[PDB]
6 protein chains.
Amino acid sequence: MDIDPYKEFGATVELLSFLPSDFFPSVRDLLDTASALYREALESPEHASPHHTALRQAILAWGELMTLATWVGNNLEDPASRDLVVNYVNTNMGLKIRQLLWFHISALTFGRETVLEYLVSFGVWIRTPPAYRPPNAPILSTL
Amino acid sequence: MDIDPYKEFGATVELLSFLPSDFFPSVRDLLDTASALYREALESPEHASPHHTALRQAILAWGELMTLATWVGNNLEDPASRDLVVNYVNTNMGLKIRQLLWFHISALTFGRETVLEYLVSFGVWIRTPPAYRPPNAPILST
Amino acid sequence: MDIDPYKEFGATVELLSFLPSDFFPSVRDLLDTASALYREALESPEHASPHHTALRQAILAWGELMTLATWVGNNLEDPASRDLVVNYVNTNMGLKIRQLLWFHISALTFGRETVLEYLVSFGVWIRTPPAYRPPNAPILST
Amino acid sequence: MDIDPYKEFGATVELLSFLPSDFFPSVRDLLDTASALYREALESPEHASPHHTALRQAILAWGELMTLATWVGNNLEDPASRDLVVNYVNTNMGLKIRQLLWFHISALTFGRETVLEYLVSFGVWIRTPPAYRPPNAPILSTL
Amino acid sequence: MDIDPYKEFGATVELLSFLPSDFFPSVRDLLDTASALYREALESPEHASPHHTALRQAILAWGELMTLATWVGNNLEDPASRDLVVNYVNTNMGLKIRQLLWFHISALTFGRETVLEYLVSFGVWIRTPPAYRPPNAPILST
Amino acid sequence: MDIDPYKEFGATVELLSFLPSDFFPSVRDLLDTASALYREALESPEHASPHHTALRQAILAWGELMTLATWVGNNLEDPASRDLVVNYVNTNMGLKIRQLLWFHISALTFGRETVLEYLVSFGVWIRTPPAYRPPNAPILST
């Protein structure tokens, strides 16, 4: 249905159908980051923060969809459909899973408040047109 | 990569490669009852329990992949391709999504511990041969 | 030689020559659910309960005799011999191993006392003739 | 599966896929020892130590496999298969059941700590080659 | 069997097979820095801090490998096997020992926590795109 | 540069290139004992005692060398260079890693001082002639 997912974390999709697309790093890189940083933290029987839980389910999903891409590569003969589907996956679903993942890693590493404020500052940066923005966009100061 | 998805819920995927596949319901009725029961708790700005949060993320992914199937059927030409893809969606990954949903929903409306006991009891039910089987497997109620 | 195997579990082999043979499940699903439920407690350096310990030793013997059957099928020539042996394994001694497993596993997930009550209730169920029998024998849940 | 059985008693299979084969006494002798020493101790409704319990289940198993050997003797016509199976039983399964049994009797009689330390000392003895080992290998001093 | 040489220093091989390999500089510079900066501490027979001790054993092992390469060059004249050997050495063991030396030296000089948070920050930097990364990458502070 | 990996544990390579090499047994038995006896401590991410840590790094290095031998056997077909390589490995690095593993394991199990005085006693034993040595050589006591 029409649920707002981040509503319990203060954000909203309109606050993140707002950023550009290139900002979020590549998906493989997100997964490697999350795993290498929080391997034993995520494998543990503890819901120490819900960020971990949503992150965990999202990673399950992305594993399932990489399985989808591989499987479709294994069986579908129509090459246009194969290429089109794989591109749609890695592009649009890619964008959404990147939103989700990057958000949760950021909340973990720097705190939900810091990311919330960073997004507001980025928004004020990007609503501004080229003629008056700074050359560089803001950055996550952890304190 | 090495994720144990259900580790923070006192359960394990070993314990759900342990039910069968066909037991789980359709996604449609399941999603509908989830909505009708927890509209507010899902829309709220509150992490009332982690169950709600994992559920939110699952609904996101499911809606996005419904949009995927629809977009794919909007553009491709090979109908065999479209049918095969939308089967892989509604059948194979659907099993995963249904596992995840059914677990979290039942845990919400009943509790974690009751679900664990139910899974163990279904284990005792299904490992049993047919002849001395009960007539009706358990249907959980609070 | 005169061992009463289940004497330290408030039960007796008389009370399990009292169920039938066919009630017990396959070794495969049973072992699988055991693993999926008690991976850690079996791997741990802890005798959390004697049930775990007897279970460990049973899994050892079962794995070793699977290796036995495989080795025997690796070398012999007479296929009648191989089939007869691997039947004696998966059928006759399998019954013993399944008794032992099912008892300890069910006692783990539920408790000793619940298992005792279940056995007595199955006794009352099966000694009863078919006509006034219940439709479904008991399926234990916590 | 890949369980480590002795992990709750401090040992490990690598610590006992380490000894030689001749060391463990004959199986019939193990059973006679265990029975004559702890007949009423094992028949009792007491799990006074888990050693007793694992010992009890192991003896059940060996009874079942002696029944296997006898039964195969009763029915199998192919003599090579009969001899081969009986030898495999009394040899490899023999070795493993001897490991288990001797361990548990030792833990009972002398305490798990003493056997643990004895195994370490035996290991230090046997890793040493012939040129520098003592002529005799160590022995279970109960104190 | 499950030997992870970073388990007790707050990390794992995955966290170090997370950066690109090219960041970890060539072994010669590492050894030179180690010697020039801790001649005394590595010559000292005191188990001051375990980082030093791992570093000791690591340097001994690398010296052993260089001795091996020497023995090969001075005894095996054949070029194909020799070259493949030296490539395997300077590539795979090169990678591992570079990782190890960099981590331990950095932890000694600066500190454990600082190295870990540096890895995390460098990760999220290099994964992050160029148009919105910080202008200059992070770097270790005394 | 003057790297002596025993400097902080009360010894030196000379004191271990003092016994005959044949006393230090083959690597397989060492690794098996280490695993079977300290699976947990070597899997634990805690710098409990530096002996453990040196042992960790040493096992990683030996595994790396075995991986090297594997890579050579799976890529270099020439037998002369390959055989000379494996001989150098299983001889020289074999010696050093045997020395190291024996010392550290023994020190863990029994204690530092006991290993040192054992070396001293074994030395003065084997150097001493047969007609007036003790009847049986010394041996480590718990």
# chains A, B, ... in the order shown; residues from 1 in each chain; ligands from 1
>>> calpha_fit_rmsd(fixed="chain E", moving="chain C")
1.1 Å
>>> calpha_fit_and_write(fixed="chain D", moving="chain A", output="short mmCIF file (atom, residue, chain, number, x, y, z; two decimals) with N, CA and C atoms, in the first residue's frame")
data_model
loop_
_atom_site.label_atom_id
_atom_site.label_comp_id
_atom_site.auth_asym_id
_atom_site.auth_seq_id
_atom_site.Cartn_x
_atom_site.Cartn_y
_atom_site.Cartn_z
N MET A 1 25.61 -33.66 11.09
CA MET A 1 26.39 -32.50 10.59
C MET A 1 27.83 -32.49 11.16
N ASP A 2 28.42 -31.30 11.33
CA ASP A 2 29.84 -31.16 11.65
C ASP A 2 30.05 -30.81 13.12
N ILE A 3 29.25 -31.41 13.99
CA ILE A 3 29.36 -31.12 15.42
C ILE A 3 30.69 -31.59 15.97
N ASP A 4 31.17 -30.87 16.99
CA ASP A 4 32.32 -31.26 17.78
C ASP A 4 31.82 -31.89 19.06
N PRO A 5 31.93 -33.20 19.27
CA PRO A 5 31.21 -33.81 20.39
C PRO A 5 31.77 -33.44 21.74
N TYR A 6 33.09 -33.44 21.88
CA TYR A 6 33.74 -33.31 23.17
C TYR A 6 33.93 -31.85 23.55
N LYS A 7 33.32 -30.93 22.79
CA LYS A 7 33.57 -29.51 22.97
C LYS A 7 33.10 -29.04 24.34
N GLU A 8 32.11 -29.72 24.91
CA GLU A 8 31.62 -29.42 26.25
C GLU A 8 32.44 -30.09 27.34
N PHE A 9 33.42 -30.91 26.96
CA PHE A 9 34.33 -31.53 27.92
C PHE A 9 35.76 -31.10 27.69
N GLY A 10 35.99 -30.01 26.95
CA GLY A 10 37.31 -29.42 26.82
C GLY A 10 38.18 -30.04 25.76
N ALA A 11 37.90 -31.27 25.37
CA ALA A 11 38.68 -31.97 24.38
C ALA A 11 38.19 -31.61 22.98
N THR A 12 38.78 -32.28 22.00
CA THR A 12 38.40 -32.13 20.61
C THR A 12 38.94 -33.33 19.85
N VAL A 13 38.31 -33.64 18.72
CA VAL A 13 38.69 -34.82 17.96
C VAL A 13 40.14 -34.74 17.51
N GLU A 14 40.61 -33.53 17.19
CA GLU A 14 42.00 -33.37 16.79
C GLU A 14 42.94 -33.73 17.93
N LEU A 15 42.49 -33.58 19.17
CA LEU A 15 43.28 -34.03 20.31
C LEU A 15 43.23 -35.54 20.47
N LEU A 16 42.35 -36.22 19.74
CA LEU A 16 42.22 -37.66 19.83
C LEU A 16 42.16 -38.35 18.48
N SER A 17 42.35 -37.61 17.38
CA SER A 17 42.80 -38.23 16.14
C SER A 17 44.31 -38.07 16.11
N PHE A 18 44.92 -38.33 17.26
CA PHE A 18 46.29 -37.92 17.55
C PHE A 18 47.04 -39.07 18.20
N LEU A 19 46.35 -39.77 19.10
CA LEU A 19 46.84 -40.97 19.72
C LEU A 19 47.01 -42.07 18.68
N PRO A 20 47.76 -43.12 19.00
CA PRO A 20 47.76 -44.30 18.14
C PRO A 20 46.52 -45.14 18.36
N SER A 21 46.47 -46.26 17.64
CA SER A 21 45.29 -47.11 17.65
C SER A 21 45.41 -48.21 18.68
N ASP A 22 46.63 -48.73 18.88
CA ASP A 22 46.80 -49.87 19.77
C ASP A 22 46.56 -49.49 21.23
N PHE A 23 46.61 -48.20 21.56
CA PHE A 23 46.55 -47.79 22.95
C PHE A 23 45.24 -48.17 23.59
N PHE A 24 44.14 -47.90 22.91
CA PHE A 24 42.84 -48.15 23.48
C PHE A 24 42.64 -49.65 23.64
N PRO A 25 42.15 -50.13 24.79
CA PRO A 25 41.96 -51.57 24.93
C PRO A 25 40.81 -52.07 24.09
N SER A 26 40.65 -53.39 24.09
CA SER A 26 39.65 -54.03 23.25
C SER A 26 38.25 -53.68 23.73
N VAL A 27 37.29 -53.74 22.80
CA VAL A 27 35.97 -53.19 23.04
C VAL A 27 35.24 -54.00 24.10
N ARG A 28 35.26 -55.32 23.94
CA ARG A 28 34.67 -56.23 24.91
C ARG A 28 35.20 -55.93 26.30
N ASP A 29 36.49 -55.61 26.37
CA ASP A 29 37.10 -55.28 27.65
C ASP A 29 36.58 -53.95 28.18
N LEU A 30 36.37 -52.97 27.30
CA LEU A 30 35.76 -51.72 27.75
C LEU A 30 34.40 -51.96 28.35
N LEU A 31 33.56 -52.73 27.66
CA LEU A 31 32.21 -52.96 28.14
C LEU A 31 32.22 -53.69 29.47
N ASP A 32 33.08 -54.71 29.59
CA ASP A 32 33.15 -55.45 30.84
C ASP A 32 33.62 -54.54 31.96
N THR A 33 34.58 -53.67 31.67
CA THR A 33 35.05 -52.72 32.66
C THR A 33 33.92 -51.82 33.13
N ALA A 34 33.24 -51.19 32.18
CA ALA A 34 32.20 -50.23 32.50
C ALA A 34 31.09 -50.88 33.31
N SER A 35 30.65 -52.05 32.86
CA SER A 35 29.58 -52.75 33.55
C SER A 35 30.01 -53.12 34.96
N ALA A 36 31.14 -53.82 35.09
CA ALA A 36 31.54 -54.31 36.40
C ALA A 36 31.81 -53.18 37.38
N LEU A 37 32.25 -52.03 36.89
CA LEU A 37 32.53 -50.91 37.76
C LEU A 37 31.30 -50.10 38.13
N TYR A 38 30.34 -49.94 37.21
CA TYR A 38 29.26 -48.98 37.39
C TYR A 38 27.91 -49.56 37.00
N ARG A 39 27.69 -50.85 37.25
CA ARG A 39 26.42 -51.51 36.98
C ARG A 39 25.25 -50.76 37.58
N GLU A 40 25.20 -50.71 38.91
CA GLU A 40 24.08 -50.08 39.59
C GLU A 40 24.16 -48.57 39.45
N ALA A 41 25.36 -48.04 39.26
CA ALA A 41 25.51 -46.61 39.05
C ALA A 41 24.85 -46.16 37.76
N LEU A 42 24.91 -46.98 36.71
CA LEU A 42 24.34 -46.62 35.43
C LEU A 42 22.87 -46.99 35.34
N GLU A 43 22.45 -48.06 36.01
CA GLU A 43 21.04 -48.42 35.95
C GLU A 43 20.14 -47.47 36.73
N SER A 44 20.70 -46.55 37.50
CA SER A 44 19.89 -45.76 38.42
C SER A 44 19.22 -44.60 37.68
N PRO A 45 18.09 -44.10 38.18
CA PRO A 45 17.49 -42.89 37.58
C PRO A 45 18.16 -41.61 38.07
N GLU A 46 19.43 -41.45 37.72
CA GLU A 46 20.17 -40.26 38.11
C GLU A 46 21.15 -39.89 37.00
N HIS A 47 21.09 -38.63 36.58
CA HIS A 47 22.09 -38.05 35.69
C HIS A 47 23.13 -37.30 36.52
N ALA A 48 23.73 -38.03 37.46
CA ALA A 48 24.66 -37.42 38.41
C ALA A 48 25.86 -36.79 37.71
N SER A 49 26.23 -37.31 36.55
CA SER A 49 27.21 -36.65 35.70
C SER A 49 26.91 -37.00 34.26
N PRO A 50 27.06 -36.05 33.33
CA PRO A 50 26.71 -36.35 31.93
C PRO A 50 27.57 -37.43 31.30
N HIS A 51 28.76 -37.65 31.86
CA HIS A 51 29.61 -38.74 31.41
C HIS A 51 28.84 -40.05 31.42
N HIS A 52 28.11 -40.30 32.51
CA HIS A 52 27.30 -41.51 32.61
C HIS A 52 26.31 -41.59 31.45
N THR A 53 25.72 -40.46 31.09
CA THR A 53 24.64 -40.49 30.10
C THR A 53 25.19 -40.80 28.72
N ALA A 54 26.26 -40.11 28.34
CA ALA A 54 26.85 -40.36 27.03
C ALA A 54 27.38 -41.77 26.95
N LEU A 55 27.97 -42.24 28.05
CA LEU A 55 28.44 -43.61 28.13
C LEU A 55 27.31 -44.58 27.90
N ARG A 56 26.16 -44.29 28.49
CA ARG A 56 25.02 -45.19 28.43
C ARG A 56 24.52 -45.29 26.99
N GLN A 57 24.38 -44.15 26.33
CA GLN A 57 23.91 -44.15 24.95
C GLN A 57 24.92 -44.83 24.03
N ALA A 58 26.21 -44.65 24.31
CA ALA A 58 27.22 -45.27 23.48
C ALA A 58 27.18 -46.79 23.61
N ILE A 59 26.92 -47.27 24.82
CA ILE A 59 26.84 -48.71 25.02
C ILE A 59 25.62 -49.27 24.31
N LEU A 60 24.50 -48.54 24.36
CA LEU A 60 23.34 -48.92 23.55
C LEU A 60 23.72 -49.07 22.09
N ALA A 61 24.48 -48.10 21.58
CA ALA A 61 24.87 -48.14 20.18
C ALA A 61 25.72 -49.36 19.88
N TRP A 62 26.67 -49.66 20.76
CA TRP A 62 27.55 -50.79 20.47
C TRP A 62 26.79 -52.10 20.56
N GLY A 63 25.81 -52.18 21.45
CA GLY A 63 24.95 -53.35 21.46
C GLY A 63 24.20 -53.50 20.16
N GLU A 64 23.72 -52.38 19.62
CA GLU A 64 22.99 -52.41 18.36
C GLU A 64 23.89 -52.87 17.23
N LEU A 65 25.16 -52.47 17.27
CA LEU A 65 26.05 -52.83 16.16
C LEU A 65 26.59 -54.24 16.30
N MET A 66 26.71 -54.76 17.52
CA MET A 66 26.98 -56.18 17.66
C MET A 66 25.80 -56.99 17.16
N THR A 67 24.58 -56.48 17.37
CA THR A 67 23.41 -57.11 16.78
C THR A 67 23.49 -57.05 15.26
N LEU A 68 23.99 -55.94 14.72
CA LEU A 68 24.17 -55.82 13.28
C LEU A 68 25.11 -56.89 12.76
N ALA A 69 26.27 -57.02 13.40
CA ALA A 69 27.25 -58.02 12.99
C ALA A 69 26.66 -59.42 13.04
N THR A 70 25.96 -59.74 14.12
CA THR A 70 25.36 -61.06 14.26
C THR A 70 24.32 -61.30 13.17
N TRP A 71 23.42 -60.33 12.99
CA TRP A 71 22.35 -60.45 12.01
C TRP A 71 22.90 -60.64 10.60
N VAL A 72 23.89 -59.83 10.22
CA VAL A 72 24.53 -59.99 8.92
C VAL A 72 25.16 -61.36 8.82
N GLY A 73 25.69 -61.88 9.93
CA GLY A 73 26.18 -63.24 9.92
C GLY A 73 25.07 -64.25 9.67
N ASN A 74 23.85 -63.92 10.08
CA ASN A 74 22.72 -64.84 9.97
C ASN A 74 22.17 -64.95 8.55
N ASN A 75 22.31 -63.89 7.74
CA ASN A 75 21.58 -63.81 6.47
C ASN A 75 22.45 -63.61 5.24
N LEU A 76 23.56 -62.90 5.32
CA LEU A 76 24.31 -62.56 4.12
C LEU A 76 25.09 -63.77 3.63
N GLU A 77 24.90 -64.11 2.36
CA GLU A 77 25.53 -65.27 1.75
C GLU A 77 26.92 -64.94 1.22
N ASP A 78 27.09 -63.75 0.66
CA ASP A 78 28.38 -63.36 0.11
C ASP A 78 29.41 -63.30 1.24
N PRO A 79 30.36 -64.24 1.31
CA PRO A 79 31.23 -64.27 2.50
C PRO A 79 32.19 -63.11 2.56
N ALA A 80 32.64 -62.61 1.41
CA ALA A 80 33.54 -61.47 1.39
C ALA A 80 32.87 -60.25 1.99
N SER A 81 31.59 -60.04 1.66
CA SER A 81 30.87 -58.91 2.22
C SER A 81 30.70 -59.06 3.73
N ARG A 82 30.36 -60.26 4.18
CA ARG A 82 30.21 -60.53 5.60
C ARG A 82 31.50 -60.24 6.35
N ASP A 83 32.60 -60.86 5.92
CA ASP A 83 33.89 -60.64 6.56
C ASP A 83 34.29 -59.18 6.51
N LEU A 84 34.11 -58.54 5.35
CA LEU A 84 34.51 -57.16 5.17
C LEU A 84 33.74 -56.24 6.11
N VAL A 85 32.43 -56.46 6.21
CA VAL A 85 31.58 -55.62 7.04
C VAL A 85 31.91 -55.81 8.51
N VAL A 86 32.07 -57.07 8.93
CA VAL A 86 32.40 -57.35 10.32
C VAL A 86 33.75 -56.73 10.68
N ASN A 87 34.70 -56.78 9.74
CA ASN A 87 36.01 -56.22 10.02
C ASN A 87 35.94 -54.70 10.09
N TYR A 88 35.21 -54.08 9.16
CA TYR A 88 35.03 -52.63 9.20
C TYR A 88 34.41 -52.20 10.52
N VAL A 89 33.37 -52.91 10.95
CA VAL A 89 32.72 -52.65 12.23
C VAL A 89 33.74 -52.70 13.36
N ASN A 90 34.30 -53.88 13.60
CA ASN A 90 35.22 -54.06 14.71
C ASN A 90 36.48 -53.20 14.60
N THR A 91 36.78 -52.62 13.43
CA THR A 91 38.00 -51.85 13.25
C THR A 91 37.77 -50.34 13.34
N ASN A 92 37.02 -49.74 12.43
CA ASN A 92 36.91 -48.28 12.40
C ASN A 92 35.88 -47.78 13.41
N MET A 93 34.65 -48.28 13.30
CA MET A 93 33.67 -48.03 14.34
C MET A 93 34.18 -48.50 15.69
N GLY A 94 34.95 -49.59 15.69
CA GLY A 94 35.61 -50.02 16.90
C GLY A 94 36.49 -48.93 17.48
N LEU A 95 37.33 -48.33 16.63
CA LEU A 95 38.23 -47.28 17.08
C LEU A 95 37.45 -46.11 17.66
N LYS A 96 36.37 -45.71 16.99
CA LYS A 96 35.66 -44.51 17.44
C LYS A 96 34.93 -44.78 18.75
N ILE A 97 34.28 -45.93 18.85
CA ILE A 97 33.59 -46.26 20.09
C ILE A 97 34.59 -46.46 21.22
N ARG A 98 35.80 -46.92 20.89
CA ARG A 98 36.82 -47.05 21.92
C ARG A 98 37.27 -45.69 22.41
N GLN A 99 37.49 -44.75 21.48
CA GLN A 99 37.79 -43.37 21.86
C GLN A 99 36.79 -42.88 22.88
N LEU A 100 35.52 -42.94 22.50
CA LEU A 100 34.45 -42.39 23.31
C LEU A 100 34.40 -43.07 24.67
N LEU A 101 34.36 -44.39 24.67
CA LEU A 101 34.23 -45.14 25.91
C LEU A 101 35.40 -44.90 26.84
N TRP A 102 36.62 -45.08 26.34
CA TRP A 102 37.78 -44.92 27.20
C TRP A 102 37.84 -43.52 27.78
N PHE A 103 37.50 -42.52 26.97
CA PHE A 103 37.45 -41.15 27.48
C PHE A 103 36.53 -41.06 28.67
N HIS A 104 35.31 -41.57 28.53
CA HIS A 104 34.34 -41.35 29.59
C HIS A 104 34.69 -42.14 30.85
N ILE A 105 35.17 -43.38 30.69
CA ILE A 105 35.60 -44.13 31.87
C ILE A 105 36.75 -43.40 32.55
N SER A 106 37.64 -42.82 31.77
CA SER A 106 38.78 -42.13 32.36
C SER A 106 38.32 -40.91 33.13
N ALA A 107 37.38 -40.16 32.55
CA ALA A 107 36.87 -38.97 33.20
C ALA A 107 36.20 -39.33 34.52
N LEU A 108 35.45 -40.42 34.52
CA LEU A 108 34.83 -40.88 35.76
C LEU A 108 35.88 -41.22 36.79
N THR A 109 36.82 -42.08 36.42
CA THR A 109 37.67 -42.71 37.42
C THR A 109 38.67 -41.72 37.98
N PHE A 110 39.14 -40.79 37.16
CA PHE A 110 40.27 -39.92 37.48
C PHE A 110 39.92 -38.44 37.39
N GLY A 111 38.78 -38.10 36.79
CA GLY A 111 38.38 -36.72 36.65
C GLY A 111 38.76 -36.16 35.30
N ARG A 112 37.89 -35.33 34.74
CA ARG A 112 38.11 -34.80 33.40
C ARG A 112 39.40 -33.99 33.31
N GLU A 113 39.75 -33.29 34.39
CA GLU A 113 40.95 -32.47 34.37
C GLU A 113 42.19 -33.34 34.22
N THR A 114 42.22 -34.45 34.95
CA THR A 114 43.39 -35.31 34.95
C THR A 114 43.59 -35.93 33.58
N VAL A 115 42.49 -36.30 32.93
CA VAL A 115 42.58 -36.93 31.61
C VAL A 115 43.00 -35.91 30.57
N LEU A 116 42.42 -34.71 30.67
CA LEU A 116 42.81 -33.61 29.80
C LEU A 116 44.32 -33.38 29.86
N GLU A 117 44.85 -33.23 31.08
CA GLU A 117 46.28 -33.01 31.24
C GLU A 117 47.09 -34.21 30.78
N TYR A 118 46.61 -35.42 31.05
CA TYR A 118 47.32 -36.61 30.60
C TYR A 118 47.41 -36.64 29.08
N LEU A 119 46.35 -36.22 28.40
CA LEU A 119 46.38 -36.22 26.95
C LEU A 119 47.38 -35.21 26.44
N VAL A 120 47.47 -34.06 27.11
CA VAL A 120 48.46 -33.07 26.69
C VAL A 120 49.87 -33.61 26.88
N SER A 121 50.10 -34.29 28.00
CA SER A 121 51.43 -34.84 28.26
C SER A 121 51.76 -35.95 27.28
N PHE A 122 50.77 -36.78 26.95
CA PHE A 122 50.96 -37.81 25.95
C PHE A 122 51.27 -37.19 24.61
N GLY A 123 50.65 -36.06 24.32
CA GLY A 123 50.88 -35.40 23.06
C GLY A 123 52.31 -34.92 22.98
N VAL A 124 52.77 -34.27 24.04
CA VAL A 124 54.15 -33.83 24.08
C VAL A 124 55.10 -35.01 23.97
N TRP A 125 54.69 -36.17 24.49
CA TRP A 125 55.51 -37.36 24.36
C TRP A 125 55.60 -37.80 22.91
N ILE A 126 54.47 -37.82 22.21
CA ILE A 126 54.42 -38.52 20.93
C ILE A 126 54.78 -37.64 19.75
N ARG A 127 54.56 -36.33 19.85
CA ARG A 127 55.11 -35.42 18.86
C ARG A 127 56.62 -35.56 18.78
N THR A 128 57.24 -35.86 19.91
CA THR A 128 58.67 -36.07 19.95
C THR A 128 59.02 -37.34 19.16
N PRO A 129 60.07 -37.31 18.34
CA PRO A 129 60.44 -38.50 17.59
C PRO A 129 61.12 -39.54 18.46
N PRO A 130 61.45 -40.71 17.91
CA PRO A 130 62.05 -41.77 18.73
C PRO A 130 63.37 -41.39 19.37
N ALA A 131 64.16 -40.55 18.71
CA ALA A 131 65.52 -40.30 19.16
C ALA A 131 65.59 -39.59 20.51
N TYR A 132 64.50 -38.96 20.95
CA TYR A 132 64.51 -38.13 22.14
C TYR A 132 63.32 -38.34 23.05
N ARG A 133 62.38 -39.19 22.69
CA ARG A 133 61.32 -39.54 23.62
C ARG A 133 61.89 -40.38 24.75
N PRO A 134 61.23 -40.43 25.90
CA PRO A 134 61.54 -41.48 26.86
C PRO A 134 61.19 -42.83 26.28
N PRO A 135 61.71 -43.91 26.86
CA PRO A 135 61.38 -45.23 26.34
C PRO A 135 59.93 -45.57 26.61
N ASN A 136 59.46 -45.19 27.80
CA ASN A 136 58.09 -45.44 28.21
C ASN A 136 57.29 -44.16 28.06
N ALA A 137 56.02 -44.31 27.75
CA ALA A 137 55.10 -43.18 27.63
C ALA A 137 54.45 -42.93 28.98
N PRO A 138 53.85 -41.77 29.19
CA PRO A 138 53.35 -41.42 30.52
C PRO A 138 52.15 -42.25 30.91
N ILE A 139 51.72 -42.05 32.15
CA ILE A 139 50.74 -42.89 32.81
C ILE A 139 49.85 -42.02 33.69
N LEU A 140 48.62 -42.48 33.90
CA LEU A 140 47.61 -41.76 34.66
C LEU A 140 47.87 -41.78 36.16
N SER A 141 48.58 -40.77 36.65
CA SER A 141 48.65 -40.52 38.08
C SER A 141 47.39 -39.80 38.53
N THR A 142 46.58 -40.50 39.31
CA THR A 142 45.30 -39.98 39.78
C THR A 142 45.44 -38.73 40.64
N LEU A 143 46.62 -38.48 41.20
CA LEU A 143 46.89 -37.26 41.95
C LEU A 143 48.27 -36.71 41.60
#
>>> residues_around(residues="residue 139 of chain E", least_positions_apart="5", cutoff="12 Å", atoms="only C-alpha atoms", output="PyMOL selection string")
chain E and resi 106+110+114-115+117-122+125
>>> write_last_selection(atoms="C-alpha atoms", output="PDB file, in the first residue's frame")
ATOM      1  CA  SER E 106      49.500   2.360  12.133  1.00  0.00           C
ATOM      2  CA  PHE E 110      48.390   6.402  16.225  1.00  0.00           C
ATOM      3  CA  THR E 114      41.867   5.717  15.157  1.00  0.00           C
ATOM      4  CA  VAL E 115      42.891   3.144  12.554  1.00  0.00           C
ATOM      5  CA  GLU E 117      37.518   4.695  12.276  1.00  0.00           C
ATOM      6  CA  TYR E 118      39.972   5.668   9.544  1.00  0.00           C
ATOM      7  CA  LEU E 119      39.145   2.491   7.657  1.00  0.00           C
ATOM      8  CA  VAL E 120      35.452   3.222   8.046  1.00  0.00           C
ATOM      9  CA  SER E 121      35.807   6.817   6.887  1.00  0.00           C
ATOM     10  CA  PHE E 122      38.058   5.919   3.966  1.00  0.00           C
ATOM     11  CA  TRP E 125      34.719   8.081   1.135  1.00  0.00           C
TER      12      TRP E 125
END
>>> interface_residues(of="chain E", to="chain A", cutoff="8 Å", atoms="only C-alpha atoms", output="JSON, numbers by chain")
{"E": [12, 14, 15, 16, 18, 120, 123, 124, 127, 128, 129, 131, 132, 133, 134, 135]}
>>> residues_around(residues="residue 2 of chain F", least_positions_apart="6", cutoff="8 Å", atoms="only C-alpha atoms", output="PyMOL selection string")
chain E and resi 39+42-43
>>> write_last_selection(atoms="C-alpha atoms", output="PDB file, in the first residue's frame")
ATOM      1  CA  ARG E  39      64.713  -0.766  16.232  1.00  0.00           C
ATOM      2  CA  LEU E  42      61.614  -4.867  18.200  1.00  0.00           C
ATOM      3  CA  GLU E  43      65.042  -5.723  19.587  1.00  0.00           C
TER       4      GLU E  43
END
>>> interface_residues(of="chain C", to="chain B", cutoff="8 Å", atoms="only C-alpha atoms", output="VMD selection string")
chain C and resid 22 to 26 29 to 30 32 to 33 35 to 37 109 135 to 142
>>> closest_residue(among="B:105, B:94, B:85, B:74", to="residue 21 of chain B", atoms="only C-alpha atoms")
B:94
>>> atom_distance(atom1="atom CA of residue 111 of chain C", atom2="atom CA of residue 108 of chain B")
26.3 Å
>>> select_by_dssp(residues="segment 87-123 of chain F", states="alpha helix (DSSP H)", output="VMD selection string")
chain F and resid 87 to 88 94 to 109 112 to 123
>>> atom_distance(atom1="atom CA of residue 27 of chain B", atom2="atom CA of residue 78 of chain B")
26.5 Å
>>> residues_around(residues="residue 86 of chain B", least_positions_apart="3", cutoff="6 Å", atoms="only C-alpha atoms", output="MDAnalysis selection string")
chainID B and resid 69 83 89
>>> atom_distance(atom1="atom CA of residue 77 of chain F", atom2="atom CA of residue 81 of chain E")
7.9 Å
